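Colleague: Just passing along the structure, written as structure tokens.
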Amino acid sequence: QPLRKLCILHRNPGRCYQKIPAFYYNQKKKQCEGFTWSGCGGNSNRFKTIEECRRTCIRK
């Protein structure tokens, strides 16, 4: 079964300069790699912990 949409909308931080650094699911590595969120923009794929990321991005 496939993963949720939140794990494939692509980690778009936004145009606003660094403010919520966290992680995103890297579809090469196949684990949540770190990504820096901007300030006032972006899509989703925001995950604080790698496990929490994988719960949704790897499936239960």
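In the structure tokens, each chain is lettered A, B, ... as it comes, each chain's residues begin at 1, and ligands are numbered from 1 in order of appearance.
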Which residues, written as a count of residues only, have at least one atom at most 6 Å from range 20-34 of chain A, with only C-alpha atoms counted and residues fewer than 3 positions away on the same chain left out?
Modeller: 6
Colleague: Write out as a list in words the set of residues from range 1-59 of chain A that DSSP, computed on the backbone, places in alpha helix (DSSP H).
Modeller: residues 50, 51, 52, 53, 54, 55, 56 and 57 of chain A
Colleague: So that I can check the surroundings of residue 42 in chain A, please list as a list in words every protein, DNA and RNA residue that reaches within 12 Å of it, counting only C-alpha atoms and ignoring chain neighbours fewer than 5 positions away.
Modeller: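 Listed by chain and then number, they are residues 9, 10, 11, 12, 13, 14, 15, 16, 17, 18, 19, 20, 35, 36 and 37 of chain A.
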Colleague: Keeping N, CA and C atoms, export the residues of the selection given above as an mmCIF file, in the first residue's frame.
Modeller:
data_model
loop_
_atom_site.group_PDB
_atom_site.id
_atom_site.type_symbol
_atom_site.label_atom_id
_atom_site.label_comp_id
_atom_site.auth_asym_id
_atom_site.auth_seq_id
_atom_site.Cartn_x
_atom_site.Cartn_y
_atom_site.Cartn_z
ATOM 1 N N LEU A 9 4.354 15.632 -1.209
ATOM 2 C CA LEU A 9 4.082 16.974 -1.752
ATOM 3 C C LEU A 9 5.390 17.755 -2.019
ATOM 4 N N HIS A 10 6.562 17.165 -1.716
ATOM 5 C CA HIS A 10 7.909 17.712 -1.854
ATOM 6 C C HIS A 10 8.113 18.762 -0.755
ATOM 7 N N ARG A 11 9.253 18.697 -0.053
ATOM 8 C CA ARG A 11 9.589 19.594 1.025
ATOM 9 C C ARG A 11 9.873 21.005 0.490
ATOM 10 N N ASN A 12 8.815 21.823 0.442
ATOM 11 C CA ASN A 12 8.852 23.209 0.010
ATOM 12 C C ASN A 12 8.896 24.000 1.320
ATOM 13 N N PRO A 13 10.037 24.604 1.705
ATOM 14 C CA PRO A 13 10.157 25.365 2.943
ATOM 15 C C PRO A 13 9.387 26.686 2.884
ATOM 16 N N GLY A 14 9.561 27.389 1.764
ATOM 17 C CA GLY A 14 8.968 28.674 1.407
ATOM 18 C C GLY A 14 10.013 29.788 1.243
ATOM 19 N N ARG A 15 9.580 30.934 0.702
ATOM 20 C CA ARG A 15 10.402 32.126 0.494
ATOM 21 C C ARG A 15 10.289 33.040 1.726
ATOM 22 N N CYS A 16 11.033 32.787 2.824
ATOM 23 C CA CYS A 16 10.932 33.638 4.023
ATOM 24 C C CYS A 16 12.160 33.601 4.969
ATOM 25 N N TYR A 17 13.181 32.770 4.695
ATOM 26 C CA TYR A 17 14.460 32.624 5.395
ATOM 27 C C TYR A 17 14.372 32.019 6.812
ATOM 28 N N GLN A 18 14.908 30.790 6.923
ATOM 29 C CA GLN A 18 15.103 29.863 8.060
ATOM 30 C C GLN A 18 14.376 30.204 9.377
ATOM 31 N N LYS A 19 13.519 29.291 9.887
ATOM 32 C CA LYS A 19 12.772 29.494 11.125
ATOM 33 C C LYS A 19 12.223 28.233 11.817
ATOM 34 N N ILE A 20 12.070 27.091 11.129
ATOM 35 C CA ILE A 20 11.561 25.859 11.772
ATOM 36 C C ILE A 20 12.344 24.673 11.194
ATOM 37 N N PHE A 35 15.649 19.008 6.857
ATOM 38 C CA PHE A 35 15.374 20.066 5.885
ATOM 39 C C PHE A 35 15.121 21.337 6.723
ATOM 40 N N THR A 36 15.465 22.527 6.207
ATOM 41 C CA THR A 36 15.261 23.779 6.940
ATOM 42 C C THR A 36 14.018 24.501 6.421
ATOM 43 N N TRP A 37 13.017 24.703 7.294
ATOM 44 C CA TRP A 37 11.786 25.419 6.942
ATOM 45 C C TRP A 37 12.089 26.927 6.926
#
Colleague: List every residue of chain A that DSSP, applied to the backbone of this structure, assigns to strand (DSSP E), and report them as number ranges by chain.
Modeller: A: 20-26, 31-37
Colleague: Just give me the gap between CA of residue 40 in chain A and CA of residue 54 in chain A in Å, one decimal is fine.
Modeller: 25.2 Å
Colleague: Do you know which residues are at most 9 Å from residue 56 in chain A counting only C-alpha atoms, after dropping those on the same chain fewer than 2 positions away, and could you put them as a list in words?
Modeller: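 Skipping anything fewer than 2 positions along the chain leaves residues 3, 4, 6, 7, 52, 53, 54, 58, 59 and 60 of chain A.
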